[PDB]
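Letter by letter, the chains look like this.
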6 protein chains.
Amino acid sequence: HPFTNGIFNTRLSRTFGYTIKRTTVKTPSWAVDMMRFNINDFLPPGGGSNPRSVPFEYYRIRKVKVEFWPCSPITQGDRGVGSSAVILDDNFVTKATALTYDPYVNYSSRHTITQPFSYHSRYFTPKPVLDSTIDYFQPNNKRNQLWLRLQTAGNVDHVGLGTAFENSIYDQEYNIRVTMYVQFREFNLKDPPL
Amino acid sequence: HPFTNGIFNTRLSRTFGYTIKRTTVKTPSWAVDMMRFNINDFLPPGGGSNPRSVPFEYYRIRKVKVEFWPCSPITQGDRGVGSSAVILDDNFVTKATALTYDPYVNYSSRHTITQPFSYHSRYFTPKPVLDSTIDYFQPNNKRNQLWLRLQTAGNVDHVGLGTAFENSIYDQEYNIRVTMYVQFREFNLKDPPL
Amino acid sequence: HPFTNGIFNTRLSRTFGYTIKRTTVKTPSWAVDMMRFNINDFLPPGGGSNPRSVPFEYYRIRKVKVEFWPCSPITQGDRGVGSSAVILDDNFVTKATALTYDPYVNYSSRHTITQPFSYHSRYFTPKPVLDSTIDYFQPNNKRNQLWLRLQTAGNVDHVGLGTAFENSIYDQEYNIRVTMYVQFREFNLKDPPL
Amino acid sequence: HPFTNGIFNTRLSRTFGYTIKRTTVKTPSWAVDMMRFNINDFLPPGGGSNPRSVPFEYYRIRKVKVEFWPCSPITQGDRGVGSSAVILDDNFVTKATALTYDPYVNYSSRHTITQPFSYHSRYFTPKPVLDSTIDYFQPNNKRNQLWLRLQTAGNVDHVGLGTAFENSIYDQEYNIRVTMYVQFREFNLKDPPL
Amino acid sequence: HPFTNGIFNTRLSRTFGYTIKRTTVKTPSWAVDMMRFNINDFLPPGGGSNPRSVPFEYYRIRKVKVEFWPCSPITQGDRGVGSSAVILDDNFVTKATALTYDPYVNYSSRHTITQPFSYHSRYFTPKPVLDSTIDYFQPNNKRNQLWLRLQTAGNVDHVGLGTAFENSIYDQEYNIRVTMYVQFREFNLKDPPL
Amino acid sequence: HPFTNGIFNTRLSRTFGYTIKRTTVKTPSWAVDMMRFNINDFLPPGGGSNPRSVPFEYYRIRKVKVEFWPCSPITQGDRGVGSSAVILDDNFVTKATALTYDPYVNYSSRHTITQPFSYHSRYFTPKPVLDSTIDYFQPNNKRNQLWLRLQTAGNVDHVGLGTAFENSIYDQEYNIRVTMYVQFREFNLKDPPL
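Residue labels reflect position in each chain's written sequence, counted from 1, rather than necessarily the entry's numbering. Residues lacking coordinates are not shown. Naming scheme: in the order in which they are written, chains are lettered from A and ligands are numbered from 1. A larger assembly contains the chains shown, and all values are computed for the shown part only. Computation of side-chain values: all heavy atoms of the structure, hydrogens and water removed.

- Per the PDB record, this model was obtained through X-ray crystallography at a reported resolution of 2.3500 Å.

1. A word on the overall build of chain A
Here's step 1: Only DSSP runs of H or I reaching four residues or more are called helices, and only runs of E reaching two or more are called strands; each is numbered from the N terminus. Across its full length, chain A carries 0 helices and 13 strands.
Here's step 2: Taken from N to C terminus, the helices and strands of chain A fall in the order β-β-β-β-β-β-β-β-β-β-β-β-β.
Here's step 3: Each principal axis of the C-alpha atoms in chain A carries an extent, and together these give about 65 × 40 × 30 Å.
Here's step 4: When a residue's accessible area, from a 1.4 Å probe over protein chains only, is under 20% of the maximum for its type it is buried; when over 50% it is exposed; and in between it is partly exposed. Residues counted as buried form 51% of the 194 residues belonging to chain A.
Here's step 5: Any two residues having at least one pair of non-hydrogen atoms within 4.5 Å are treated as being in contact. Summarising the internal contacts of chain A: among those between residues at least 6 apart in sequence, 89% fall at separations of at least 24.
Here's step 6: Note on charges: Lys and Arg go in the positive column, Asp and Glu in the negative column, and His and the chain ends are not counted at all. Where a charge sits is defined by one atom per residue type, namely NZ (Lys), CZ (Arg), CG (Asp) or CD (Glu). Charge separation in chain A, taken as the distance between the mean sites of 22 positive and 16 negative side-chain charges, equals 6 Å.

2. What to know about the interface of chain B and chain A
Reports often express the size of an interface as the amount of accessible area lost when the parts come together.
Here's step 1: Taken together, the 31 residues of chain B in the interface contact 31 residues of chain A.
Here's step 2: Interface of chain B and chain A: buried area, both sides summed, is about 2300 Å²; carbon and sulfur atoms make up 64% of it.
Here's step 3: On the chain B side of the contact with chain A, B:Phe3, B:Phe8 and B:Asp191 bury the most area, a combined 29% of that side's loss.
Here's step 4: Each polar contact in these results corresponds to two N or O atoms within 3.5 Å; when the atoms are within protein, one needs to be able to donate a hydrogen and the other to accept it, and residues that are neighboring in sequence are counted only if both atoms are side-chain atoms. Linking chain B with chain A are 0 residue pairs in polar contact, by the criterion used here.
Here's step 5: Those elements that provide at least two residues to the side of chain B that touches chain A are β1 (7-20), β3 (45-47), β5 (56-70) and β14 (172-187) of chain B.
Here's step 6: Here the side of chain B that touches chain A gets 8 residues from one element, more than from any other, and that element is β1(B).
Here's step 7: Think of it as three bins: nonpolar holds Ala, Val, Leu, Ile, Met, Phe, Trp, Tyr, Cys and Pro, charged holds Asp, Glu, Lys and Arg, and polar takes everything else, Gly as well. Broken down by class, the residue content of the side of chain B that touches chain A amounts to 17 nonpolar, 8 polar and 6 charged. As a working definition, buried area equals the accessible area (1.4 Å probe) given up by two parts on being put together, with both sides summed.

3. A look at the relation of the copies chain D and chain B
Here's step 1: Copies share a common frame after least-squares superposition on their C-alpha atoms. Between the two copies, chain D and chain B, the superposition gives an RMSD of 0.0 Å; the rotation angle is 72 degrees and the shift along the axis is 0.0 Å. Taken together, the rotation and translation relating the two chain copies correspond to the operation of a five-fold axis. In terms of C-alpha distance to the rotation axis, chain D has D:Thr75 as its closest residue, with the C-alpha 5.1 Å off the axis.
Here's step 2: A share of only 19% of interface residues in chain D that are also interface residues in chain B marks the association as one of differing surfaces.

4. Focus: the environment of B:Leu161
Residues and elements named next belong to chain B.
Here's step 1: Inspection of the secondary structure puts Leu161 in strand β13 (residues 158-166).
Here's step 2: Among the residues examined, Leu161 registers a relative accessible area of 0% and is labelled buried.
Here's step 3: Among residues more than four places away in sequence, those in contact with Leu161 are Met34, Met35, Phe37, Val66, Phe68, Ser84, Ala85, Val86, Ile87, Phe92, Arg122 and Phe124.

5. Here we look at the environment of B:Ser84
Residue and element names in this part refer to chain B.
Here's step 1: Relative to the helices and strands, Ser84 resides in strand β6 (residues 81-86).
Here's step 2: In the structure, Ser84 is positioned 23 residues away from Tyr107 in sequence and 9.0 Å away in space, judged by C-alpha atoms.
Here's step 3: If near-sequence neighbours (up to four positions away) are discounted, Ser84 is found in contact with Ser109, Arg110, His111, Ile113, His120, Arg122, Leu161, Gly162 and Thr163.
Here's step 4: A polar atom in the side chain of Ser84 sits 2.9 Å from the side chain of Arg122.

6. A few points about the interface of chain D and chain B
Here's step 1: Contact residues are listed per partner, giving 16 residues for chain D and 22 residues for chain B.
Here's step 2: Across the chain D/chain B interface, buried area totals approximately 1400 Å², and carbon plus sulfur atoms make up 45% of it.
Here's step 3: By salt bridge we mean one thing: a side-chain nitrogen of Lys or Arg within 4 Å of a carboxyl oxygen of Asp or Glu. The tally of links from chain D across to chain B stands at 0 salt bridges.
Here's step 4: Scanning the region where chain D abuts chain B turns up 9 residue pairs in polar contact.
Here's step 5: Within the residue set of the side of chain D that touches chain B, elements represented by two or more residues are β1 (7-20), β5 (56-70) and β13 (172-187) of chain D.
Here's step 6: In terms of residues, the side of chain D that touches chain B owes the most to one element, β1(D), which gives 5 residues.
Here's step 7: A per-class count over the side of chain D that touches chain B returns 7 nonpolar, 6 polar and 3 charged.

7. Considering the relation of the copies chain B and chain A
Here's step 1: Expressed as a screw operation, the relation of chain B to chain A combines 0.0 Å of axial shift with a rotation of 180 degrees, fitting to an RMSD of 0.0 Å. Both copies of the chain, as the preceding transformation shows, are related through a two-fold rotation axis. Minimal C-alpha separation from the rotation axis in chain B is found for B:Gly47, amounting to 2.1 Å.
Here's step 2: Most of the interface of chain B is mirrored in chain A, where 100% of its interface residues again form contacts.

8. Regarding the pairing of strand β5 (residues 56-70) of chain F
All names here are of chain F.
Here's step 1: Counting buried positions over the 15 residues of β5 gives 11, a clear majority of the element.
Here's step 2: When DSSP finds at least two bridges between two strands, those strands are taken to pair. Pairing between β5 and strand β13 (residues 172-187): 13 bridges, direction antiparallel. The partner of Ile61 across the bridge, within β13, is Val182.
Here's step 3: Note that β5 and strand β11 (residues 148-149) share 2 bridges and pair antiparallel.

9. Quick look at a nonpolar patch on the surface
All names here are of chain A.
Here's step 1: Where nonpolar side chains cluster on the molecular surface, the patch consists of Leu130, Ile134, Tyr136 and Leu146 and spans about 380 Å² of accessible area.
Here's step 2: For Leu130, the position within the fold is in the loop between β10 (127-128) and β11 (148-149).
Here's step 3: Residue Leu130 is classed as partly exposed on the basis of its relative accessible area of 35%. Patch definition: residues above 30% relative accessible area lacking any salt bridge, with like charges linked at up to 9 Å and the nonpolar side chains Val, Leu, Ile, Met, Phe, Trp and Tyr linked at up to 5 Å. Per-residue and other accessible areas were derived by the Shrake-Rupley procedure at a 1.4 Å probe size, with only the shown protein chains allowed to occlude residues.

10. Regarding the pattern of salt bridges
All names here are of chain C.
Here's step 1: Scanning all chains against the criterion turns up 27 salt bridges over all chains.
Here's step 2: Across the pair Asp90 and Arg36 runs a salt bridge, and its minimum N-O distance is 3.0 Å. On the criterion of sequence distance, the pair formed by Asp90 in the loop between β6 (81-86) and β7 (96-99) and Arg36 in strand β2 (residues 30-37) is long-range, its members being 54 residues apart.

11. Examining unusual backbone geometry
Here's step 1: For the bond running from A:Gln115 to A:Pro116, omega is 0 degrees, close enough to zero to count as cis.
Here's step 2: Tracing the chain through its elements places A:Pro116 in the loop between β8 (111-114) and β9 (120-124).
Here's step 3: Look at E:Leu194: it is not a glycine, yet its phi comes out positive at around 65 degrees.
Here's step 4: Within the secondary structure, E:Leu194 is located in the segment after β14 (172-187).

12. A short note on the packing of aromatic side chains
Here's step 1: Paired rings are identified among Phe, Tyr and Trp, the last through its six-membered ring, by centres lying within 6.5 Å, and are further divided according to the angle between planes into stacked (under 30 degrees), edge-to-face (over 60) and tilted (the rest). Under the counting rule described, the total for this entry stands at 90 aromatic pairs over all chains.
Here's step 2: An aromatic cluster of at least three residues, connected via ring pairs, comprises A:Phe8, A:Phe56, A:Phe184, A:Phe187, B:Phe8, B:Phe56, B:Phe184 and B:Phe187.
Here's step 3: Positioned over the ring face of B:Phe42 is B:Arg14, at 5.9 Å from the centre of the ring. A ring is considered to have a charge above it if a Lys NZ or an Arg CZ atom is located within 6 Å of its centre and within 35 degrees of its normal.

Written as C-alpha cells, this is what we have:
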C-alpha cells in the first residue's frame, strides 16, 4: 500500500545575502544578529483549487541546515573569530553592531565561526514558536514531534540560530543558504474538471 | 538520505458519468465504447513558477483502476451481460450503439460485466501511446518501465479499456471512477522570492 | 487456466527467388544486396469481422531464419565466396552489381557464403524499424522485448540481413526461404451471428 | 520446439436470448427444452485461402459452459424451481410447453435451477454426435478423446444440455451464454503472394 | 573468440569555454544555462569508404562526465554558490542572465557548485532524445539500454545537464571538458582495393 | 576501468584471385609461389586528423589465416597434389612455373594441398620482417610479442606462406582470402572542432 502512504520527505532551500559593514573601531567587537525559519519563504503559493505548491495537508520540519558561504577572497586580512548558537526558545541576544564581547561564546550549543573566508554550517532540529509568552518546545523525538497545518501564507516561525561575527576593517559578505528537511503528510490534491 | 530520494508514489482519481440510452430493439445487442487515460484529467495546472500542481519532473503510471459504479436500483429488470477488455495497443473496436454481438467476449483479457446494478472493476498496467502508427508497448516490468516527462497540458494518452454493454429496455447509467497509481520522480519545486 | 492464456507461438514462411546475373568482368567483384522482413508478406488478410488470418491483437518476432537454397547444380564451376551480415539498424551497404571488394567481410556478424551450390542460413533476432531517423533498437532480451500491434497491411519492417555474393561467369540462382518465429498475444476472435 | 507445437487452447463464446412465455395455468407445469452445441456458431468463416477464421486443421471440445443469465428483476414473484441435465447421447425429452411434471428432476446429472432471477450454469465435457442411429460416445478421458476436422460450415453437433423451467404467471427471459473450451491442433495457415 | 566479439568500450572528450559576464546587480542573482551532448562533437567524419572515424555500426553512451575547470585565480573575491542538476527529459529551465533565485537548488539531482575558483563535476547516464513531444527515457539498466546507429553527422542529442551559477562582480570563466564513456558494437570496416 | 583499457582485438580480411595457367607438360611439375602479409592491404587510409581508418597507435598480428577457395568444379579432372609451408624468415623458394618436384613437400611445416576443387587453409602466427639481412624472428609467445607502430602506408611486411601447386592440363583458379587476427593498442582518436 505504497500509494496510500501519505508521507513525503523532501528538502527545500533558499539563498539570501548577509553583510557586515566594515567598522573602524580598534579593539575587538562583535556584530550580533539572528535567524528564524519560516516555510513561507520556501514554498511559493500554488494555483487554482490547490493553494500551495506542494499538495499536502500537514508538515513538520525534521532538520534545518544553515550554511554560510563566504564571499571574501581567501587573501583577505583582519581575520576574526565568532560564534553561532542554537536558540530553541525564540529568545535571541539583542541585535547589535559592535558589542564589546561575543555574547554567544559560552552557550552550550556554540560552534566557532572562522572569518571571513571560511565556510560554516549548523545542522539541527528547529522548534516552532507555539506561544511567544511561554516559549515552550519539545525535546528531540522523531515519533512524538508535533504536526503542523501547511498554510499558504500564515505559517508559524521556526526558531533556531543566533550569531556573533567579529567586526573587521573590511566588509564581510556572505551568501547564506538555508535548507529545511521537511516531512509532509496527507496528500490532498484537488482536481476540478475541464 | 530519505530527503534526497526523488520518488513519490501516489493515487489520483476522477469521476465522470456514462449512460447507455434505452433501446427498443428486441433481440440482444451491445453498446460498444472505449476509454483512454490521460494524466491531464487528473492533474490541474499549477501556479507561478511551478506549472504543475505536483512539483515533479518525471512520472510513469504503474497501475490503473477503472470502477463502474451502477446508478440503477437493484430492482431494475431486463438485466444483461457484457464485457470489458484491456486494450494495450490503442486499437479499439469501433464505437457502436447496437452491435448484434459482444465484440469483446472472446478477448483473452475479457472480464464479464453484470448489468445493470452490479459493480465492475478492472485493475491493470496501461501503456502510453508512443507511436500510433506502429502501436508498440513494453511488457509488464516494473524496473524497466519508461519514464515520461510530466507536462502541464500536452501529456500523452495511456491506453487500456474497451467495453461492450448489452442494451436494455431501460436506461443504464453509471458513475465511472478512474484511479491512476502514479509514480513521480525528481522533485523540482521552484521558489521565487518575495 | 490454459484456455485464458493468450499466448501462441508459431512459425511462418515464404519462399521467393533471387538471381545474380552472370557478369563477364575478370577480377573478383561482389553483388551487394539486402533483406528486410515484414509480417505483411507472411500473413494474408482475413475475412469479415476478423481483418487478419490469425485472430490475435499483438505480436513480436522472436527469431528469423533466412535460408538460401541453391539452384545451381553441384557440378557448376567458377565457384566464389561471399558474406552475409546481420544489420539491426536498417543501414545497409548500398545495393551494387559489382563492388570491387566484399563490403561485409569484416562485419562482426559476418558469416561466410560458399557459392554457388551450397546451402547457407542465418538465424537471429531481427529488430523493428521504430524510427528511421535515429534507428534505435533493443538488446536481445526475451522478457523485455517490445510488443507490436498486428495490423492488416501497414505492419512495420523488421530489419536484419545484408549480403554480398561474389559474381560469376555463370548465373547463380537461389530459392530464398524466410521463416519468422512469431509470438502472438491476446486472442481477439470476433463472432458475428447468422 | 515451442513454435512447432501445433496445439492451441482457447475459449469461444456466443450469447443468445431465451424466453418462457407466461402461462395462466394454475398448478405446477414445466417448459421442456434442450441445447446442442455446434462450433459453426462460434467460428465465422475466414477469407481467401484460409476458409476458417482460426488457421487450424483439427479440433476437439474439451469442455462446455452454459450460463443462464436472468433478465428478470430480483423483485419478481411466482418463483419456481426447475432442472438442467447433461444429455450425452443426443436423446432429449420432447420439447414441451407445460408438462405436468419436471422430466429431468430424477436424472443423475440433474442440477436444480432457481427461477426466475437467479444465475445458473453447467460445466461439462459434451460429446459429438457421431452416429445418430446408435448414439455412442467416449467416456471422459483427455488423452484418448477423438480429434475432429475443423470445417467451414458442416461441423458436427456436440450434444449436452436438457432443461425444464417451471412455468410462471410472468415472462421469464434469459440471456444464455455458451462457452466452448476448444483445443485446436495443426497450424495450417496458407500464405498466397502479393 | 575475442576477435569476433564486436564490442569496444572507449572514452571520448572535448573541451570548450564558458563564461559568465560580470554584472553590477547588487542582490543575489543566477545565470541559468544548460548542456546537451551529441556524439557529433566527439567523432570527426572519417574518409573514403569508412564515413566515420571509428569503424563501428552501433553505439550507446554508458556514462557522461562533465567537468568545470575554473579559470579564475584562487584569490578572486565575491564568491558565490550555485547548482547543477541532471535533466533526463530535455526540459531545461529557460536560459536566463540574472534570475532572482537558483531554479535548480531544489532538484533531487542537484549538486552544489562553489564559485568561482573551484572544480565541479557530474557523472551520470544521459538519455537520448527519442521523441521531444513525449520526452520518454529508460531507467538505468545496462543490459536493456537501447542501441543507436552511429551516424556521420545526424546523430541524436543526449540530454543531461542544467546549471545555475550565481552572478558576480567579476567575470567567471571556465574550461568545460565533457567526456563520454561510449560503448561501440559491430565492427564494420570497409576495405576497398589499391 | 574498461574504457581506459586501450586494447582491441579484431579480424581483417581481403580476397584476391590466383590462377595456375594450364600447361601441356606430361610428367608431374609444380608451380611454386609465395605470400607475404602487409596490413596496408587490410586497412584503408583514414581522413582528416585521423590518418588511419582505425584510431589506434600500435598493433601486432596475433594470427593469420590463409584460405584457398577453389573455383574449379568438383567434376574437374587431372587432379594433383601439392604443398603449403610456413616461412617465417622471408626466405621463399624461387617462384617457378614448372619445377620438376615439389620443393616444399619435406618442410616440417608442410601441409598437403588437394587440387583442384578442394578447400585448403593454414592458420599460424606470421612474423614481421625486421631486418632482411639477418632475418630474425621471435618464438611464439603471446606476452612478449613485439608491438609495431600502425602506419598509414609504410607498414612492414609480415612473412609466412610458401606454396607449390601441381600443374594441370586445365586451369586451376582460386579465390584466396587472407584474414589477419590483429590486436590494436592505444586509442588515439583526434577530434578537431567544427
